[PDB]
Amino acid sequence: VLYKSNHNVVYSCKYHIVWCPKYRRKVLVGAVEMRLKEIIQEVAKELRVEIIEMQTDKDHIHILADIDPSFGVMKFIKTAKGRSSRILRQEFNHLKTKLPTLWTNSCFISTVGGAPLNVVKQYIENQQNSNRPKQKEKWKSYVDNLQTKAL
């Protein structure tokens, strides 16, 4: 796991973001799909967001991004959907005439880290004495990174 920092925060903020076109119309196909990803990449590039992975289904776009926690994941999302909708609808007439808006007013957001929730929770508990979790091997690299970043 690699950490970045703005002027005041050290962070690692990865989000699995998903959103679908309006009425889940299966429009994210062909040139629309390829164009959409290109627009998202340029939006991320200028908004200093790192697209770790991004794939499209026919009525879904999955994005795994690292976003500055102070910038705001929603600021990235609003920009990506807003611009892509404005552009795509200009380029592909069918999205303009057969749909009131390209996207919906919602999305799905889930945080992603280097280890599953339970181990981080475990590590937090241990702090009160910091003896040794003894685990085995499992998740030792992650926990090692942490204790180092905190001393």
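Residues carry their position along the shown sequence, with the first being 1. What we label the rigid core is the largest C-alpha set whose atoms superpose within 1.5 Å from one form to the other.
Two stretches, 114-122 and 39-47, are weighed by how far their CA atoms sit from the shown form in 7 other deposited structures of this protein after rigid core superposition; the farther one is 114-122. Relative to one another, 19-27 and 127-135 have unequal mean CA B-factors, and 127-135 is the one with the higher figure. In this entry, 30-38 shows the higher mean Cα temperature factor of the pair 30-38 and 66-74. Sorting the modelled residues of the chain by their CA temperature factor places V10 in the lowest third. The deposited CA B-factor of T101 belongs to the middle third of values across its chain. When the CA B factors of the chain's modelled residues are split into thirds, the value for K58 lands in the highest one.
Sort the chain's modelled residues by C-alpha temperature factor and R83 lands in the lowest third, per the entry.
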